[PDB]
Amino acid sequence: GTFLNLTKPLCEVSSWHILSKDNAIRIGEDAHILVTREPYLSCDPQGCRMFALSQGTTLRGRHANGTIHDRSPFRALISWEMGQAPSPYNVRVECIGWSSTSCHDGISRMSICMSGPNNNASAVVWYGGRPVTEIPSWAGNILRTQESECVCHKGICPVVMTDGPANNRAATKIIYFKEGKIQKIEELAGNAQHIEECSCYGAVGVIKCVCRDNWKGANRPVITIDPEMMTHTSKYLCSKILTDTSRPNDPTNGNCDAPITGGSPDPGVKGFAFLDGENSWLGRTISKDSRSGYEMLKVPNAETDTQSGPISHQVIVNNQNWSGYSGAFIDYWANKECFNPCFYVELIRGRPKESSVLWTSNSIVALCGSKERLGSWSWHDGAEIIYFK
C-alpha cells in the first residue's frame, strides 16, 4: 500500500443511488444480530465496511433491555462486511468503548475508541490492529469523537474530539495522527460555539467536517482543515436551510458566524453535508422536531450564501419512518477520476420513540452520488415493531 493523497476533485452529484442496506432489525428479529447504534461506513483499498458501536448483546437477547443507555463497559467499535447485518459471528472488534472514529490511510486502518467513566474517560488509538497511543480526558467530562470516519492525506489523519459539557461551552481539539501517533494538537478556533460528532470528507488537499452544535445552534458547524499545514478554521453552514434536529422553521436568512437558536425538544443530531460550491448537498431529517424521515437537498453555495435554498431534493427515508444519525464517507480508492460523495443514514428503532420495547438499536442504509437523474424511494428500516412485542 501507499498513503492516500487527496488529489482528486469531488464528483458532481445530481441524485443518489443505493449502495448498501443491512436490514439488521428485520433480520435480527429471528437471527443472532448485535444491538448497535452510531453506525458508519469506511473504506480501504480492498473495499468498504460497516462500523458501529455494539452494545454487547443480541437484539432478541434479554440484555437488550436498557440499550437506550449511551455508555457502558459492554460497548465496542465493531466492523463487518458491507451489506451483512452485524452478528457476534461476523464482526471484527476494532477497539473497546462508547465513542469512535476510524479511517484507512492507504496502508493501514486507524481506529479510536473512548471508554471509561464520565469524569475520567480515555481514548485508545489503534493502528494496523494494534493499540499504539492512549489519550486521557482533558476536561473530565465525556471525552468523545466523530462517530463516523476520519480522512487521511499523505499519512496525516486529523480527528476532531470534544471533552466537556453537552449543554455549555466545551473543549474541542483537532489531533493530527500519523500511524496512530500524535503529530500535532490544535485547540479548536473559529466561530462554531460547540462541536460534536463531525462528519468529514476530503478532496483536492482539503478536509471538510460538518458537525453538531448541541448547545445553541440549529445550524451546523463546519470545520475546514488543511491536513498539510495542520491548521483549520470553523464557522456555521451559512444557508437558511437549517439541518440540525431539533430546529425551527428555516428563516429567510441563515447565519455564517453565529448559532441560529430555537427548535424543540432535541438539542442535536449527528449529520453531514457535501459543500462544493454549486455542487452542494445538505442532508437533514424531514421532521424539524424529531429524528424521522431523511431528505437530501441540493443547495448551491450552501456553505457561503445565507440566502441559498434547494433547487432539487431526494427523499431518502419518508417522514412516516424513523431515521437517526447520518454521516459522510468516500471510497477514496475507487476506480474514478473524482472522489464520489457517499453517506449513510442510521435507522433507529426502539427507545425512546418506540418505548413499547425495552431496547434501542438501528439498521443502516448507505447511498452514493450519481450524475444521472435516478428515481428514488424510501429506504426505511422495514421492521414491524409489533413483531418484537
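Each residue number is its position in the shown sequence, starting from 1.
- The PDB entry records a higher mean C-alpha B factor for 257-265 than for its counterpart among 257-265 and 270-278.
- For the pair 85-93 and 303-311, the mean Cα B-factor is higher in 303-311.
- Based on the entry's C-alpha B-factors, the most elevated value among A121, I78, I107, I112 belongs to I107.
- Ranked by C-alpha B-factor against the other modelled residues of its chain, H69 falls in the middle third.
- In the deposited entry, the Cα temperature factor of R284 places it in the lowest third of its chain's modelled residues.
- Annotation for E197: CA B-factor lies in the lowest third of the chain's modelled residues.
- Ranked by Cα temperature factor within the chain, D331 sits in the middle third according to the deposited record.
- Sorting the modelled residues of the chain by their CA temperature factor places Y176 in the middle third.
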